[PDB]
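Chain residues, written in single-letter form:
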Amino acid sequence: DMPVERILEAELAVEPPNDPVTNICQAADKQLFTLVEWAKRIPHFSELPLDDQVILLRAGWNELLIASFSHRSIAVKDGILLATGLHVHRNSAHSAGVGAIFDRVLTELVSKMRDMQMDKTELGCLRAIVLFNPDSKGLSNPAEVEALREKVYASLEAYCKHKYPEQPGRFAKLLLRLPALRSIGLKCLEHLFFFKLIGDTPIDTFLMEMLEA
Amino acid sequence: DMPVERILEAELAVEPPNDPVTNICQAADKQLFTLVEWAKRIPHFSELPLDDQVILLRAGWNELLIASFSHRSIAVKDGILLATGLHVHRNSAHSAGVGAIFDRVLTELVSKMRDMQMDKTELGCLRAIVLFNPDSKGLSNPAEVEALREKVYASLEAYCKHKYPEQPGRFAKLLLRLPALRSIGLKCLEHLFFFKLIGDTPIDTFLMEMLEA
Amino acid sequence: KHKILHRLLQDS
Amino acid sequence: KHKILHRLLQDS
Ligand SMILES: O=C(O)/C=C/c1ccc(O)c(-c2cccc(Cc3ccccc3)c2)c1
Ligand SMILES: O=C(O)/C=C/c1ccc(O)c(-c2cccc(Cc3ccccc3)c2)c1
């Protein structure tokens, strides 16, 4: 069983100079610690083998964090709210060299989340689906992870049909944001390597561990 | 309205040395012509403005072709059947320098399609969803494209529930292959630029036009 | 060349 | 460092 009540509780449980690049790296490292506490609260995750928990978090941490700060920014006016508390707007992002990826995040994620009024239960279920990624390489039992994912979007569909009975396509609309999250995550990861490779931007321990094999 | 009968008809309507790299480029160019005939047969696509049809095909042709040859290879034993008729197996792909992406295609697409017995109606609906990409930049009316996508997966869900009433999660399982198709498409596109950039592999007209702005 | 995609979509 | 992810998952 995969109760949406616990997934929402997981989202609620992890709720809390002005250079965008440095703040991005600081925010990612900061939220990696919070991501572990979140995953532990997702039903049945901690029951997986320890090595599989590592595989799933190493494979999805980037998308998981991107989904979080995107939904967190639905109230911001054409901007992104990073975990450090810094609001990055279009002018600041463009001047920092990350104008393109910034635009994608707002048009393909933040604005789409705001327009459909994606709630925290739906967000937590999407992040849980991402967490339970059966395509992750090295999983000792990918079928087991696939079963957990199936339970997640089974409970999500039931939630959407009960909460939004007049939006029959809402469930599919939620899942159809995952392709954008996938490609956006890949581009964001490229910028993180731009920041690290140049050696000019500080990279803290946890984020450094995720960026290395 | 978006009848699955016409989408299947579109799939059925486009059904027909040993160097894998050269064959990949030949196959992609060959199927670009077939892709246009396919898109024209998808209901309401030709009704879109001509400039939007170009935007949608330029934005999704790669994933659209990848979905096709992946489903085409469900009968092949650990191999990919290219449009040129060449069967590329693991040993040949690895020796051609494309072993990694080859493995992803088989594990994340071909094998997944075969295990769930994805039929051509479901394949055509997934490709139609990809075709009607509201995230494409430059669309004169992205809402219109989004409406067509919504009609597609509305008809797909109804098809799955009627054809497979005992597989409640089949509809979601189909949509959840699109993230893998997105990342796989991005990596495949990188190899196509590897082939083009090196100037060693011939690149024909249509494929050349898609690879250039 | 010459908008092969454009011309293929136009011709019936 | 020292499998910070491993140690964070272990500790309760
Ligand atoms: O705040 C958090 O909790 C987490 C944040 C985070 C996590 C992972 C990331 O890859 C990134 C990340 C990297 C590269 C590019 C972008 C886009 C951007 C964001 C803000 C301003 C301008 C551009 C995001 C950020
Ligand atoms: O056959 C068709 O109809 C279409 C084919 C096609 C279309 C687009 C592509 O990007 C590619 C494409 C490119 C790079 C890498 C791969 C993987 C691979 C495929 C075969 C053998 C080994 C590796 C595929 C192929």
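As stated in the entry header, the method of structure determination is X-ray crystallography and the reported resolution is 1.9000 Å.

Caption draft 1: Just the relation of the copies chain B and chain A, in detail. Of the transformation superimposing chain B on chain A, the axial component is 0.0 Å and the angular component is 180 degrees, with the fit at an RMSD of 0.0 Å. As the rotation angle and translation indicate, the two copies are arranged about a two-fold axis. Within chain B, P179 of chain B has its C-alpha nearest the rotation axis, a separation of 2.1 Å. A shared binding surface is used by both copies, with 100% of the interface residues of chain B retained as interface residues in chain A.

Caption draft 2: Inspection of the site of ligand 2 at higher detail. Residues and elements named next belong to chain B. In the neighbourhood of ligand 2, 18 residues make up the surrounding shell, with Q31, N62, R72, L82 and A83 lying closest. With the chains in place, 100% of the 560 Å² that ligand 2 exposes on its own is no longer accessible. Residue assignment for the shell around ligand 2 shows that the elements contributing at least two residues are α2 (20-41), α3 (50-72) and α9 (178-197).

Caption draft 3: Just the pattern of salt bridges, in detail. All names here are of chain B. A full pass over the atoms with the stated rule returns 28 salt bridges over all chains. Two residues, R182 and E63, come together in a salt bridge whose shortest N-O distance is 2.7 Å. Highlighted residues: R182 in helix α9 and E63 in helix α3, separated in sequence by 119 residues. The burial state of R182 is the same as that of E63; both residues are buried.

Caption draft 4: Spotlight on helix α1 (residues 4-13) of chain B. Residue and element names in this part refer to chain B. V4, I7, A10 and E11 are the residues of α1 that are buried. When α1 is viewed along its axis, its buried side chains cluster within an angular range of 115 degrees and face the same direction. Structurally, α1 contributes buried residues whose contacts are with α2, α6 (120-131) and α7 (142-163).

Caption draft 5: The arrangement of the packing of helix α5 (residues 99-116) of chain B against α9 of chain B in detail. All names here are of chain B. Running from amino to carboxyl end, α5 crosses α9 at an angle of 160 degrees, the nearest separation of the two axes being 11 Å. As judged from the angle between their axes, α5 and α9 are roughly antiparallel. Where α5 crosses over α9, the two elements pack in a sense that is left-handed. Contacts between α5 and α9 involve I101, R104, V105, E108 and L109 on the former and, on the latter, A180, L181, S183, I184, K187, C188 and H191. Grouping the constituent residues of the contact of α5 with α9 by class yields seven nonpolar, two polar and three charged.

Caption draft 6: Region of interest: the side chain of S73 of chain A. Residue and element names in this part refer to chain A. Looking at where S73 falls in the secondary structure, it is placed in the loop between α3 (50-72) and β1 (79-81). According to the relative accessible area criterion, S73 is buried, its value standing at 0%. With residues up to four places along the chain from it excluded, the contact list for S73 reads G79, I80, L81, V110 and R114.

Caption draft 7: How the structure looks around the interface of chain D and chain A. Contact residues are listed per partner, giving eleven residues for chain D and 14 residues for chain A. Taken together, both faces of the contact between chain D and chain A bury some 1000 Å²; the carbon and sulfur share is 71%. On the chain D side of the contact with chain A, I4, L5 and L9 of chain D bury the most area, a combined 58% of that side's loss. Remark: the boundary between chain D and chain A carries zero salt bridges. Applying the counting criterion to the chain D and chain A interface returns six residue pairs in polar contact.

Caption draft 8: Broad picture of the site of ligand 1. Residue and element names in this part refer to chain A. Around ligand 1, the structure places 18 residues, and the nearest of them are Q31, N62, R72, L82 and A83. One of the side-chain N or O atoms of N62 is found 2.9 Å from an oxygen atom in ligand 1. One of the side-chain nitrogen or oxygen atoms of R72 is found 3.2 Å away from an oxygen atom of ligand 1. Compared with its free state, where it exposes 560 Å², ligand 1 has 100% of that area covered by protein. Counting residues per element, the ones that place at least two in the shell around ligand 1 are α2 (20-41), α3 and α9 (178-197). Of the residues belonging to the shell around ligand 1, the class tally is 14 nonpolar, three polar and one charged.

Caption draft 9: Representation of the side chain of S68 of chain A. Residues and elements named next belong to chain A. Residue placement: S68 occurs in helix α3. Its relative accessible area of 16% is what places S68 among the buried residues. A distance of 3.2 Å separates a polar atom in the side chain of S68 from the backbone oxygen of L64.

Caption draft 10: A look at the interface of chain B and chain A. The interface is formed by 24 residues belonging to chain B together with 24 residues belonging to chain A. The largest share of the area that chain B buries against chain A comes from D135, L176 and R182 of chain B, three residues that together contribute 27% of it. Applying the counting criterion to the chain B and chain A interface returns six salt bridges. Where chain B touches chain A, the interface holds ten residue pairs in polar contact.

Conventions used here
- Residues numbered from 1 in each chain as written, not as in the entry; some residues may be left out.
- Chains lettered and ligands numbered in written order.
- Heavy atoms only, no water.
- Least-squares fit on C-alpha atoms.
- Contact = heavy atoms within 4.5 Å.
- Near = heavy atom within 4 Å.
- Areas by Shrake-Rupley, 256 points an atom, 1.4 Å probe, with all protein chains shown as cover.
- Helix = DSSP H or I, 4+ residues; strand = E, 2+ residues; numbered from the N terminus.
- Salt bridge = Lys/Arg side-chain N within 4 Å of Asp/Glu carboxyl O.
- Buried < 20%, exposed > 50% of the residue type's maximum accessible area, 1.4 Å probe, protein only.
- Arc of directions from axis to C-beta.
- Axes fitted to C-alpha atoms, helices over the stretch in contact; angles between N-to-C directions.
- Parallel < 35°, antiparallel > 145°, perpendicular 65-115°, else oblique.
- Left-handed = near helix turned anticlockwise from the far one by under 90°.
- Nonpolar A, V, L, I, M, F, W, Y, C, P; charged D, E, K, R; others polar.
- Buried area = accessible area lost by both parts, 1.4 Å probe.
- Polar contact = N/O pair within 3.5 Å; in protein donor to acceptor, adjacent residues only side chain to side chain.

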